[PDB]
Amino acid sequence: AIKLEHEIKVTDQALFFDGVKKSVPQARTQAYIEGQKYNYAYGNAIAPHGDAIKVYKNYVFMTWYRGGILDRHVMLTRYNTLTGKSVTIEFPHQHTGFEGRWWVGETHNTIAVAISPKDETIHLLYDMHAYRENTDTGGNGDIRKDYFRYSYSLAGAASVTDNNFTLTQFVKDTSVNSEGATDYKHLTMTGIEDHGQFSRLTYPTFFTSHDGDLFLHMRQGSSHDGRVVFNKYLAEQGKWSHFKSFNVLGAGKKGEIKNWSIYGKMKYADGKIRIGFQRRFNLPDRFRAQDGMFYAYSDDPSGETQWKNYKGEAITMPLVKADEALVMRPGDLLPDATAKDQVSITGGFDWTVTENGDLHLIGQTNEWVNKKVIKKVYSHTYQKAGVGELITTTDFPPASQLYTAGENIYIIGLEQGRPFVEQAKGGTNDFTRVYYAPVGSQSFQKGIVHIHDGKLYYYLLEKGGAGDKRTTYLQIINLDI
């Protein structure tokens, strides 16, 4: 059976935004008040959040911001699964909040972490929400040479002894734009400063191939005109390739009816670089936000060429018209919801492909009437073994992410604060609960998952804390593959 193997405390000082929600004009406008609680613009929990946990050999790497409101330092912790010991590096960068207003917490601004399986370099990307050289921080720091924030290490740093796991392992900024002796933030990944390439980026998320290649993807642009870009770590050269567009910017002048923005994630799944996403058109129509459900995969191990849709048909690369990668229309789940903004798709999208080729996508599609959600529909679209008709069903529980290991797909979450695991054979919608932490165990408020070598690494926020410093834990659960 699935069993909990290890439960480890990461910190009692994880940053939490213990204030109230602010609107974007408030967050942009209001001055600091000394003694205020830590208000926020989007979510209230920046840790664990984002691409913040990775496993490499016997090490679990976890990122987080340290509390409280006056600290906010970027932190990197390494847990050694062989010794049970942890070591943590404190970086000089502090969370800059909403457009430099560091007293308003900004959950888009996550700390992503990856290890190159080839040269054991550690890569960090943090605190970014589409910034650019003329971003107006309202007097809170100069961002002209700090709009893209990248930190990286010496080769072999991933596996040094705990005593040597320090900032000494990381490479300072020594370019003409360097800020000084404690500047660890680089403005580019290629060694070439390039505002056009590295401005307006959000959502750093790394993925790794079977042969040990490391990739990154981000979203570039705005909610009205946005693309996914991705690059590859060049281990032989100690740098990254040029960003490559999965989809164009300015599609309205290149063959689409209008500009659009992309809402999804690239992953490495069943041996291929792939992407799943929904589209925001910003048309005056029945869609309050996103529309459609899309998927494509590359038969190129570098993911640069040979892109295809679910049917195996080649797609235009870079993509201009999203409909080429169509899988289904979530609008069809609410077919009488035709009034302006009556179909509200604002999240809950995910997708996976199992090691047997089974394709799975989930979505949440809400009916929006007089400024309120009046109906929530969860969908599960799947195709067994990559062939045959797509099945879309709404007989799917309220889950927001899908995971895979061996032949199965999994739903993983918190129920009454306790981790559970539901599992289904790939290519089916037949789920059964196979793990639930017992009564008397701890309660958690939030969690992020990382699946590695048949085990579930659950990076969790403990429930019930107070103030702007909370406790996080790492759980290691054997999926019994």
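Start at 1 with the first residue shown and count on from there.
### Query
Out of 433-441 and 53-61, which one has CA B-factors that are higher on average in the deposited record?
It is 433-441.
### Residue stretch of maximal mean CA temperature factor, 323-331 vs 393-401
It is 393-401 that shows the higher mean C-alpha B-factor.
### Message
I'd like to know which of 136, 127, 291, 358 has the highest C-alpha temperature factor in the PDB entry.
### Response
Highest CA B-factor of the listed options: 136.
### Message
For the CA B factor values reported in this entry, which option in 185, 311, 272, 384 has the top one?
### Response
When the deposited C-alpha B-factors of 185, 311, 272, 384 are compared, 311 is largest.
### Task
Would you mind ranking residue 426 by its C-alpha B-factor against the rest of the chain and naming the third, lowest, middle or highest?
Its C-alpha B-factor belongs to the lowest third of this chain's values.
### Task
Looking at the entry's B-factor column for C-alpha atoms only, identify whether residue 305 ranks in the lowest, middle or highest third of its chain.
For residue 305, the deposited C-alpha B-factor lands in the highest third.
#### Entry: Chain-relative CA temperature factor third for residue 280
As the PDB entry reports it, the C-alpha B-factor of residue 280 lands in the middle third of its chain.
### Task
Compare the C-alpha B factor of residue 46 with those of the other modelled residues in its chain, then answer lowest, middle or highest third.
As the PDB entry reports it, the C-alpha B-factor of residue 46 lands in the lowest third of its chain.
### Task
Would you please rank residue 407 by its C-alpha temperature factor against the other modelled residues of its chain and give the third it falls in: lowest, middle or highest?
Middle third - that is where residue 407 ends up once the chain's C-alpha B-factors are sorted.
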